[PDB]
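Here is the structure we will look at, set down as structure tokens.
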Amino acid sequence: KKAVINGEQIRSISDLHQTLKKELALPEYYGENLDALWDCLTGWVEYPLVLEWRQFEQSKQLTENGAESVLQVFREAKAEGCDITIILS
């Protein structure tokens, strides 16, 4: 499937996990943390998945340490053998 992180929209880390939640279609209890988001990639999201992350650094400041973590989990999961095409624009 595909995902898109539009920073111009992101207003905070919650927003980050919000769009990731829609794209990834995470449950309603999406813990939005790295442990939960991950818990989703390694056992919830369907792959191959695409993570078209737009405005990365822009979606990283607004939430000091916001977007650089979720990405770590998307690439790490990508490392787990999953096929999450990480697209950083």
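A note on labels: chains of the structure tokens are A, B, ... as shown, every chain counts residues from 1, and ligands are counted from 1 in their shown order.
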
Within 7 Å of segment 45-55 of chain A, counting only C-alpha atoms, which residues qualify if same-chain residues fewer than 4 places away don't, as a CSV table (one decimal) with N, CA and C atoms, in the first residue's frame?
chain,number,residue,atom,x,y,z
A,1,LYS,N,0.9,-1.2,0.0
A,1,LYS,CA,0.0,0.0,0.0
A,1,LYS,C,0.9,1.2,0.0
A,2,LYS,N,0.3,2.4,0.2
A,2,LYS,CA,1.1,3.6,0.1
A,2,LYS,C,0.8,4.6,1.3
A,3,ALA,N,1.7,5.4,1.7
A,3,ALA,CA,1.5,6.3,2.8
A,3,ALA,C,2.1,7.7,2.3
A,4,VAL,N,1.7,8.8,2.9
A,4,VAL,CA,2.2,10.1,2.5
A,4,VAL,C,2.3,11.0,3.7
A,5,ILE,N,3.5,11.5,4.1
A,5,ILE,CA,3.6,12.4,5.2
A,5,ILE,C,3.7,13.8,4.8
A,6,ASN,N,2.6,14.5,4.7
A,6,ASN,CA,2.6,15.9,4.2
A,6,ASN,C,3.0,16.8,5.4
A,7,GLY,N,4.2,17.3,5.5
A,7,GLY,CA,4.6,18.2,6.7
A,7,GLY,C,3.8,19.5,6.6
A,8,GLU,N,3.6,20.1,5.5
A,8,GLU,CA,2.8,21.3,5.4
A,8,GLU,C,1.5,21.2,6.3
A,24,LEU,N,-1.4,4.0,7.0
A,24,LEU,CA,-1.2,2.7,7.6
A,24,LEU,C,-2.6,2.1,8.1
A,40,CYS,N,2.9,-1.9,14.6
A,40,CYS,CA,2.0,-2.0,13.5
A,40,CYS,C,2.7,-2.5,12.3
A,41,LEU,N,3.9,-2.0,11.9
A,41,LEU,CA,4.6,-2.4,10.7
A,41,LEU,C,5.0,-3.9,10.9
A,59,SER,N,8.7,18.4,9.0
A,59,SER,CA,7.8,17.7,9.9
A,59,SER,C,8.7,17.1,11.1
A,82,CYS,N,10.6,-6.4,5.7
A,82,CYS,CA,9.4,-5.8,5.2
A,82,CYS,C,9.7,-5.0,3.9
A,83,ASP,N,8.8,-4.7,3.1
A,83,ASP,CA,9.1,-4.0,1.8
A,83,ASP,C,8.5,-2.6,1.9
A,84,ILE,N,8.9,-1.8,2.8
A,84,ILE,CA,8.4,-0.4,3.0
A,84,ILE,C,9.3,0.6,2.2
A,85,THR,N,9.0,0.8,0.9
A,85,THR,CA,9.8,1.7,0.1
A,85,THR,C,9.9,3.1,0.7
A,86,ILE,N,10.9,3.3,1.4
A,86,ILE,CA,11.1,4.7,2.1
A,86,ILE,C,11.4,5.7,1.1
A,87,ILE,N,10.5,6.7,0.9
A,87,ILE,CA,10.7,7.8,-0.1
A,87,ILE,C,10.8,9.1,0.7
A,88,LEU,N,12.0,9.6,0.8
A,88,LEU,CA,12.2,10.8,1.6
A,88,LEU,C,12.4,12.0,0.6
A,89,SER,N,11.4,12.8,0.5
A,89,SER,CA,11.4,14.0,-0.5
A,89,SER,C,11.6,15.3,0.3

Taking the chain letters and numbering used in this document, name the residues of chain A that DSSP puts in alpha helix (DSSP H), as a ChimeraX atom specification. /A:13-24,34-41,58-61,67-79

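Across A:9, A:15, A:22, A:32, the tightest approach to residue 70 of chain A is made by A:32 when counting only C-alpha atoms.
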
Identify, on the basis of only C-alpha atoms, every residue whose closest approach to residue 63 of chain A does not exceed 8 Å; exclude the query and any residue fewer than 2 positions from it along the same chain; express the result as a PDB file with C-alpha atoms, in the first residue's frame.
ATOM      1  CA  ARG A  11       1.088  20.393  13.268  1.00  0.00           C
ATOM      2  CA  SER A  12       2.742  18.150  15.885  1.00  0.00           C
ATOM      3  CA  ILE A  13       3.958  14.593  16.532  1.00  0.00           C
ATOM      4  CA  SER A  59       7.820  17.672   9.928  1.00  0.00           C
ATOM      5  CA  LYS A  60      10.709  17.070  12.340  1.00  0.00           C
ATOM      6  CA  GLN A  61      11.084  20.488  14.014  1.00  0.00           C
ATOM      7  CA  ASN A  65      12.296  14.663  17.528  1.00  0.00           C
ATOM      8  CA  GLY A  66       8.935  13.951  15.857  1.00  0.00           C
ATOM      9  CA  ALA A  67       9.435  12.645  12.294  1.00  0.00           C
TER      10      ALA A  67
END

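Atom CA of residue 58 of chain A lies 26.3 Å from atom CA of residue 27 of chain A.
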
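Between atom CA of residue 34 of chain A and atom CA of residue 72 of chain A lies a distance of 8.5 Å.
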
For atom CA of residue 19 of chain A and atom CA of residue 76 of chain A, determine how far apart the two atoms are, in Å to one decimal place. 19.2 Å

Looking at A:71, A:64, A:10, A:17, which one is nearest to residue 29 of chain A, with distances taken over only C-alpha atoms?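 Closest to residue 29 of chain A, using only C-alpha atoms: A:17.
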